[PDB]
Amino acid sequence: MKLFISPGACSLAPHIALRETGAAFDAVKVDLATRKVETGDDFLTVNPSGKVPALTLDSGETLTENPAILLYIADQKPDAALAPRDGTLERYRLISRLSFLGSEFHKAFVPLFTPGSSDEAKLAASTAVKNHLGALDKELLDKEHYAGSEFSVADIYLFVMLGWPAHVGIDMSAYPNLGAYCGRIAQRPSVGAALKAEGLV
């Protein structure tokens, strides 16, 4: 199993998840600017869109999109309970949270990480992200975990994106429930090991 990454990108989420399940895997770096794998392979052969993450299974089939990859990884080690069982309401609430993170929260950041973007795109995206952070802050005031009863791929995915505001001029002091949440998650051995393997600490 090979996970295709770029350090600190949304690919960190499945990186942490594989460490949480103990799966055998290779973490392979991609140069997002040239779309080339560190091995020199053309990454567009693996993911035609050129984006990370991509997960190549032992069969040689490649899966894309964080929500699908993260569920796949959780489901291979049910004892880890990183996703609820098939046919529970909690399983749909998890998919809901993964779709919100990928479709709303992630995409809020894109102008802030585009040097091309206007002075006013950058400020409006600033606003959208700070709005998301305010609602996430109050949601996690009342609960330890982002989805259902216990630590899940949804917490892993949120945790990774809560590492982004500090790089685009947003002070995470305003969101102290998010602070503590990131605090607790960062102490997990899986999380420190992924942060170290990607060169982020």
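One-based numbering along the sequence shown.
Mean CA temperature factor is higher for 133-141 when stretches 43-51 and 133-141 are set side by side in the entry.
Note on 123-131 vs 102-110: mean CA B-factor is higher in 123-131. Taking only the listed residues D31, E61, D26, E150, the entry reports the highest CA temperature factor at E150. In the PDB entry, a CA B factor belonging to the middle third of its chain's modelled residues is recorded for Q76. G169 sits in the highest third of its chain by CA B factor, as recorded in the PDB entry. Ranked within its chain, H15 lands in the lowest third, by CA B factor from the PDB record. In the deposited entry, the Cα temperature factor of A180 places it in the highest third of its chain's modelled residues. The deposited CA B-factor of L200 belongs to the highest third of values across its chain.
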